[PDB]
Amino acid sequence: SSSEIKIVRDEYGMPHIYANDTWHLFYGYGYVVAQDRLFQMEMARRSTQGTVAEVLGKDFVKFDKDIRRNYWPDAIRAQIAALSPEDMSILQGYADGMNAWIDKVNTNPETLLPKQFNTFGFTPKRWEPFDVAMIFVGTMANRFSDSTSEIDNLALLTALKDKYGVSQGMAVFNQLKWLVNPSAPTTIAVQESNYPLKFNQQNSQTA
C-alpha cells in the first residue's frame, strides 16, 4: 500500500528506505536520520538559524547574530511556498519522519533520548520544512557558496597605491591578485574549450 515504509539497515548500520510515494520515501529518510544523528542535526539546525546561544550561552551570541545577518529567512519561506505539491512532499515528508521519532524520544526519554541532550540540558523539538531546507541553505549556500573579500581587496589596493603610486599600485594588485593566470592547470583542457569572456582588471567601475 501507499502507507507502508520498509527500512533495512546493512552490516555497517546504513539504512535503505523502501516506499511507494514521495512523502513516504522522505519520511523514512527523516525517521532514520532522527535515530542516528538527532543531536548532530539539532545542533546543525541551531547553527544554520543562529539559535545556538539559546542552549550554549554567551560565547555564541556574536555567532548567532552573524548567522542571522547573513540571510533573509522570509525569502526562503517564500521559495518553499512556491513549490509544487510533489516538491513540497520531499521537505514535508522528511520533517514529518523526523518528528515521528522525536515524539517517540520525548515519550520515552529514559531509554531513547541521546545522552548529549542530558549533558547540554535541553530536549529536542519538532521540525518543519523550513528547518530541513535551512540545513542545506545554511551550509552549502550561506557558507560554501558565499565567499568574497572585496572590501578587503579595495583596502589592499588603496594601500598599494599609497605605497607605489596609482599605476604601479594597480599593477602590483594585478601581480598579487591576478584576475586570470594562463598557466593555471585547468580541469578542462584548452583543446576542448576556453571561457569566452574577458574582464576589466583596473577597477573601472569607479574610473
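Numbering starts at 1 and runs along the sequence shown.
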- Query: Hey, which bit's got the bigger mean C-alpha B factor in the entry, 89-97 or 106-114?
  - Reply: 106-114
- Task: Averaging only over Cα atoms, indicate whether 194-202 or 21-29 has the higher B-factor in the PDB entry.
- Result: 194-202
- Maximum C-alpha temperature factor, selected from 68, 37, 58, 177: 58
- residue 120: C-alpha B-factor third of its chain, per the entry, is the highest
- Query: So where's residue 74 on the chain's Cα temperature factor ranking, which third?
  - Reply: highest
- Among the modelled residues of its chain, does the C-alpha B-factor of residue 149 lie in the lowest, middle or highest third? lowest
- Message: Per the entry's values, where does residue 142 land by CA temperature factor relative to the rest of its chain, in the lowest, middle or highest third?
- Response: highest
- Query: How does residue 80 rank on Cα B-factor within its chain, lowest, middle or highest third?
  - Reply: middle
